[PDB]
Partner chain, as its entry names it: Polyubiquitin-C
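Quick setup: one chain, the form deposited without the partner chain, written in structure tokens, and binding and motion questions come after.
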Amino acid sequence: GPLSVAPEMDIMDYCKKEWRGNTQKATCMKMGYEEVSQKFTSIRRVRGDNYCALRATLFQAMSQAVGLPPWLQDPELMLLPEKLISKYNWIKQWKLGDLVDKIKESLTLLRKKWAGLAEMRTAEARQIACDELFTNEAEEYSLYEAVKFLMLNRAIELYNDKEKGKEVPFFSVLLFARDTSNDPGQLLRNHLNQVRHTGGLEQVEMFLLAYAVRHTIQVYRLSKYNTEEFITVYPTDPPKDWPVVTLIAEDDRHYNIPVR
């Protein structure tokens, strides 16, 4: 299929095309891209479907992969679908974009593709391979099923910890405080399973994504330009060894990729 992450263009050329006229909104977006352009020369437009946040994060993480992270080296990763689904039968309410084999196939693909990218000598070889992977075919969307499953697993672990009275990060309190997401089944049914053209990860779920792939996500939030949220980092205090990926969000729903 066609690329789902568009070929790069100059970031201020992009800004000048999208943001014209003298509205306060347009002025704030221009200031936002001007600030981003101090560190990144170019931008890649990410397909704005319900997977936009996952696509943006995974494309950055994988195109920048120089090693296979320990959580993907762990043999437990491939055992997780059978162990989780056997224990929590409501997971079979999963809606795909049997279940154990499908998820295991997706996780095996994620691990294999990531390992192959980490094997490459140059960033250019990685970008070519990523440009082939993110072409709107079944392999791309299988990656999102894998990551969504790891998000569900991390959510179950955080929920169970909070039940036991163990310390949990506060974003998980906020995640489960939502009336549509009071427990992991509601998270699955009402958020991870969601309907086309309406879904996408909410702010609190960006923390969950970061935890699931062990990446620090640095987001220029342009609708927050004149506030301390002009950047938000997910999670707030990650391990220093987690790799950093940078995104741009004009609103708190759609993400593009700055590149240099």
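Residue numbers count along the first chain shown, from 1.
Another form exists, deposited with the partner chain bound; not displayed. Remarks below refer to it.
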Contact segment among 107-115, 174-182, 72-80, 145-153, judged by heavy atoms lying within 4.5 Å of the partner chain in the bound PDB entry: 174-182
Non-hydrogen atom contact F207 with the partner chain in the bound PDB entry at 4.5 angstroms: yes
Contact of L201 with the partner chain in the bound PDB entry (heavy atom, 4.5 Å): yes
Contact test in the bound PDB entry: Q218 vs the partner chain, heavy atoms, 4.5 Å: no
The partner chain contact at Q64 in the bound PDB entry, heavy atom, 4.5 Å: no
